[PDB]
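Take a look at this one chain, the form deposited in one PDB entry, written out in structure tokens.
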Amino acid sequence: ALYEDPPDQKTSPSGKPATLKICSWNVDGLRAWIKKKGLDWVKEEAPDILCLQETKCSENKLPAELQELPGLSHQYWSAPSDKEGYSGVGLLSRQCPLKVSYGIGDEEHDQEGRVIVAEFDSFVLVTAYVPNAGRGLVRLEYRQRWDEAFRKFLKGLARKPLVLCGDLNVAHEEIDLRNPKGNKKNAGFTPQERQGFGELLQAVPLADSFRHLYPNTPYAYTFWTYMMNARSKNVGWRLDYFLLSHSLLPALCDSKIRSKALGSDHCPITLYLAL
């Protein structure tokens, strides 16, 4: 029931070396995460691009340590206007993106701080913090409408292949969480969110990088509730993903789950691409 992520594979199936390392992390409160040494772990991981979710932090409140990152000097931040202290995403990059945008169509009016889009030379990167269905599923219908708008937004992008990463807030299949049967009526594992995920993969279209490499591997999770010592018992959920355009699969070296990195109730995930 415990899990050990396999060693990093830094070579593509055809023998090409990885050239791009992307790390994604739901940090559950950026200021808290930094106090718990999250940035020390980022420095050790040394990614080319770092995507963060649930920053819960407007840009003016960013800790100074974030200014002290020479290898991640291009930084883009989004926080909601009417709900500061919740949501918020960030994208930090070694190289400057060609284009950066926010939201999924109307962010200038519906300032939600959930999505950042960055176009690079060879690919487009989207990072997302997908809305939670909430306790008792009170916001499930909103989540379903959001999924539909997100799907259409990703499909409606004006060429290059897509990388989508972040907290998509759903365990796609039973293998993606410890207690599938007890959670069928809970946020993150309803038939509605599971279906929205399958529709995301088919509509865009996208592949689940981790599952593509490790289709039958159980007990691989990226989230554990703080309650009941769930993490120590690896009672968790896989909520964080790297979804790729089909054309990027031959460039895929590995998709990692960094189970040991502490500082949040999610752990980091890391992608290696040979571009």
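Numbering starts at 1 and follows the sequence shown. Take the two forms, superpose them, and find the largest set of C-alpha atoms that agree within 1.5 Å; that set is the rigid core.
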query: Coordinates absent for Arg143 in a third or more of other entries; finding: no
query: Flanks modelled, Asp82 absent in at least a third of other entries; finding: yes
query: Stretch exceeding the other in mean C-alpha B-factor - 182 to 190, 124 to 132; finding: 182 to 190
query: 105 to 113 set against 73 to 81, stretch whose average Cα temperature factor tops the other in the entry; finding: 105 to 113
query: Which of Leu140, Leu157, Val170, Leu177 ranks first by CA B-factor in the deposited coordinates; finding: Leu157
query: Highest recorded Cα temperature factor - choice among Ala32, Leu239, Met228, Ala207; finding: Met228
query: Chain third (lowest, middle, highest) by recorded CA B-factor, residue given as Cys96; finding: middle
query: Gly90 - which third its CA temperature factor falls in, relative to the rest of the chain; finding: lowest
query: CA B-factor ranking of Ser255, expressed as a third of its chain; finding: lowest
query: Third of the chain's Cα B-factor distribution that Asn26 belongs to, per the entry; finding: lowest
query: Ranked against its chain, the third holding the CA B-factor of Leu52; finding: lowest
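This next part talks about the form deposited in another entry, which is not shown.
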item	value
Candidates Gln192, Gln111, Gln75, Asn179 - which moves between this form and the one not shown, C-alpha at least 2 Å, core fixed	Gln111
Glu84 C-alpha shift between this form and the one not shown of 2 Å or more, rigid core reference	yes
Relative Cα spacing, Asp167 and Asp110, in the other entry - shift of 3 Å or more	closer
Relative Cα spacing, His109 and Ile104, in the other entry - shift of 3 Å or more	closer
